[PDB]
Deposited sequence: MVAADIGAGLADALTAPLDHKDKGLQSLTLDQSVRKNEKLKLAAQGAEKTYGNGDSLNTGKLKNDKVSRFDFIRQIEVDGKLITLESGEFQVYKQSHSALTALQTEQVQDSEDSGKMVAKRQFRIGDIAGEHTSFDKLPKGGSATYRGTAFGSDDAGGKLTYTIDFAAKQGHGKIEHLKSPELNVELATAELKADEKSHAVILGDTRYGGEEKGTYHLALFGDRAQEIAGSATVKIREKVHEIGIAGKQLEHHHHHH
C-alpha cells in the first residue's frame, strides 16, 4: 500500500511507520502554495505546513502530482506543475520537485530540484565521541532513483566522506569529498562539502545526521555537467 491518498487525507495513527511528518519549508516559498495530488486525493500546503510521511513506504520514492501557485491581486494562478517526490526513512526524509510545465516567458521545461531535508536531527553534542560509522542508502536524481550512497563518518576526527554510484548518467557518480562535521544554527550535526570527480570540484553536498545517535543521514548533492546543475537526493542508514 503506497499510502499516498492517506498521506494527504487521513490522520496519523500508531501503526504508521516513522518518519511521521515533515515541515514543508524549502519545498514551497513563504507566499506560495503546493497542491499535491495522488490516488484521487488532493491537499494544498503552504510554507511551514506538515506533510504526513508516516503513511508512505520506507526506503523508496513516493510520487505525487504537484501544482505550485501564488496569488496575484488575491487570485490564485499556477506557476509550475510536475511530480513531487518523497524519499522516506525512519528518522529523516527528503522531498524533490520534478518540473514538467512552467509559465512561459504553460510550456514544457524539465528540471529537478531537492526540496526539504527533514527529520529528527541529531544534536551535535549527542554525537558519538569516537569511532566511525558507515552508511548505505539511495541516491536519486531526475528520472533515476537507482543510485547508491555510501558514506563514512569518523566521529573522532569530525570528518565524513563518501561516494555516489550506479546513477545512469555516469558523471553523477561523484566523490563526496572529505568535509567537516559541524553544528548548524540549531546545534544539529551537519556536513557541508564538495562533490568531486577526478579530484576536481563539480558542486557541493549537504548532509544532515538524524536519529538520537546519528543512525541516519540525508541531504543533497549537486553536479554540474557543462553549465547544467544536476541535483541529487542522498539518504542512508548506518550499517
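Several segments of the deposited sequence are absent from the coordinates, namely 1 to 6, 112 to 116, 251 to 257.
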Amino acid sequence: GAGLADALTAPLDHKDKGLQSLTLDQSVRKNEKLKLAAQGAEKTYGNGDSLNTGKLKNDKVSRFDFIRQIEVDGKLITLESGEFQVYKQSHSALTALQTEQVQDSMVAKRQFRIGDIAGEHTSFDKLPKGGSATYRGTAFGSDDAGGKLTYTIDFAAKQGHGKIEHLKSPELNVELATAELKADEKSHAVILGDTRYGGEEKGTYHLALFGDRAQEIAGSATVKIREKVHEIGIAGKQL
From here on, numbers count along this sequence of modelled residues.
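Once the C-alpha B-factors are averaged per stretch, 108 to 116 and 155 to 163 rank with 155 to 163 first. Taking the mean C-alpha B-factor of each stretch as recorded, 204 to 212 and 169 to 177 are not equal, and the higher mean is that of 204 to 212. For the set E185, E32, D65, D49, the PDB entry assigns the largest Cα B-factor to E185. Ranking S142, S132, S90, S81 by Cα temperature factor from the entry places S132 first. In the PDB entry, a CA B factor belonging to the lowest third of its chain's modelled residues is recorded for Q39. In this PDB entry, the Cα temperature factor of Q103 sits in the top third of its chain's modelled residues, the highest group.
Remark: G1 belongs to the highest third of its chain, ranked by C-alpha B-factor as recorded.
Ranked by C-alpha B-factor against the other modelled residues of its chain, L239 falls in the highest third.
Compared with the other modelled residues of the chain, the Cα B-factor recorded for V72 ranks in the middle third.
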